[PDB]
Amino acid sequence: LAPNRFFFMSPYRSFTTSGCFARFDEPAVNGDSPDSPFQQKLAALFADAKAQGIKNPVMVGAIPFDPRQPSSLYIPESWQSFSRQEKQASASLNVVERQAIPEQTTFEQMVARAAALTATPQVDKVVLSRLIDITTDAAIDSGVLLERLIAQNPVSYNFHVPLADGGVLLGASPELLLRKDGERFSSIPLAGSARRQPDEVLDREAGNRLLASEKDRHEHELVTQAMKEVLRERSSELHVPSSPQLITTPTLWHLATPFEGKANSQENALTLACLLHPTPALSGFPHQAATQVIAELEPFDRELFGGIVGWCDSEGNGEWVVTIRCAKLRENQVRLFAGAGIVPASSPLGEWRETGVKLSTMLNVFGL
């Protein structure tokens, strides 16, 4: 796969893109309102795209964790569908520098300060994050990491996004933020985690301890209760189970609550994805408060990490997944990302190891 190509693998719509008609940097802030400069500029661009010959134009790309920042969206010249089933079956690296940002002690102290703050009224939850920055001696073939990534994660939402800087956004996300498929939309937030065990009894047991974990379930209800409210104002039918179910990835168990709703007349994939994003799985609760902690404590900027990646078409359909279990590569440099939701029951070392298991997915892709 050419690094200049968008790739999206999903049980819903799996396709690749070719070419580039128009890039779209407009920040997705206030993208939930149709009157917003984002939504207006988006319609004018689709219209311009049809006017200039592009059949069924589609918007693909990525939106950062903070949508006041520029977006990484673009309309390709064409797009190509493929079978996810079929793809599920048909699928050196010298190191020069390695650094954790931040390292173990600083991260545990970050969790500890945040878990202290969440014990207070002003904040109930915070998602802290860390990275691993890796330099290599050569240019990275993003096309081959992708084939490795799908093999190791044949079931998740796997994406490969060309970026305006010659880099790629690559990842196997398990969190669907917003699918729109007609007037009906779905959303399956995740929150709470447990390492899978190599034995199927330790595994099943690990999954049960998760469903019984009070810490990991408080971490979860905080997320679903926030979205239940946001979507109550904008839906007509809305089904939210009072409790979560379990799902899996090759490394982790997670807790999931599937959302199902019907959308008003003038919604689209993006108005709704910009509505929910970022959820308390990625920013925290309340949103601004947790965002102030993240800024007070994180010694980097997430940029595209913790954002959303996916696609929206001319007719309102689309899918958007959380930008996690992912990496930004560019020429000879790599940056991985893992965050974790802190609550008063959070263990400083517990979270360090949890963000660690999450990095293991992209590390498994780079054979590290």
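Numbers for residues come from their place in the sequence shown, where the first is 1.
Using the PDB record, quantify the missing residues of the deposited sequence between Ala91 and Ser92 as none, 1 to 3, 4 to 9, or 10 or more. Gap size class: 4 to 9 residues without coordinates, per the record.
If you average the CA temperature factors over each stretch, which comes out higher, 109-117 or 229-237? Mean B over CA atoms: larger for 229-237.
Of 291-299 and 151-159, which one has the bigger average CA B-factor? That would be 291-299.
Out of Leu73, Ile134, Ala164, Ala269, whose C-alpha atom has the biggest B factor in the entry? Comparing C-alpha B-factors across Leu73, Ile134, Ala164, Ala269, the top value belongs to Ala164.
Compare the CA B factors listed in the entry for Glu175, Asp181, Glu260, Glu200 and report the winner. Largest recorded C-alpha B-factor: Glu200.
Ranking the modelled residues of this chain by C-alpha B-factor as given in the entry, is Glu315 in the lowest, middle or highest third? Its C-alpha B-factor belongs to the middle third of this chain's values.
Record-listed C-alpha B factor of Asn30: chain third: Top third by C-alpha B-factor.
Please place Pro102 in the lowest, middle or highest third of its chain according to the CA B-factor in the PDB entry. For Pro102, the deposited C-alpha B-factor lands in the lowest third.
Using the B-factors in the PDB entry, rank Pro244's C-alpha atom against the chain and give the third, lowest, middle or highest. For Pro244, whose C-alpha B-factor we compare with every modelled residue in the chain, the answer is the highest third.
Select lowest, middle or highest to describe the third in which the CA B-factor of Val96 falls within its chain in this entry. Tercile = middle for this residue's CA B-factor.
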